[PDB]
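Under mature numbering (1 follows the signal peptide of the UniProt record, and there is no 0), read the sequence shown as residues 20 to 74, first letter to last. Everything on this sheet refers to the single structure shown next.
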Amino acid sequence: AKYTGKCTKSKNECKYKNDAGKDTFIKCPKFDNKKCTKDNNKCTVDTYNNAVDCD
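What follows is the structure in structure tokens.
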């Protein structure tokens, strides 16, 4: 499966839903590299190996 969402300028996390609409928030791997820079920029998650991308 897969999921789609966005990030928060104040919090670089994927506010997507898993299972069946279960609120989930996971910070993307962007330590002092790109912790988001725009309200609801863009995000994406894959069930393959929990690969969370970032805008």
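We treat Cβ as the ideally placed atom computed from N, Cα and C, and that holds for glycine.
Closest residue to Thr43 among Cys73, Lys34 and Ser29 (Cα-Cα distance): By one-based count along the sequence shown, residue 43 stands at place 24. For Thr43, the nearest C-alpha among the options comes from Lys34.
Beta-carbon spacing of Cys62, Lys30 below 8 Å: Residue 62 sits at position 43 when you count from the first residue of the sequence shown. Residue 30 sits at position 11 when you count from the first residue of the sequence shown. Taking 8 Å as the Cβ cut-off, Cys62 and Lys30 do not qualify as a contacting pair.
In terms of residue numbering, what span does the beta strand (DSSP E) encompassing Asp74 cover? Within the sequence shown, the letter at position 55 stands for residue 74. No beta strand (DSSP E) holds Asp74; DSSP gives it neither H nor E.
Which residue or residues does DSSP assign as beta-bridge partners of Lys34? The count along the sequence shown starts at 1 and reaches residue 34 at position 15. Partner(s): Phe44.
Go to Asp65, then tell me how far its beta strand (DSSP E) extends in each direction, as first and last residue. If you number the sequence shown from 1, residue 65 lands on position 46. That run of the beta strand (DSSP E) goes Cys62 to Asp65.
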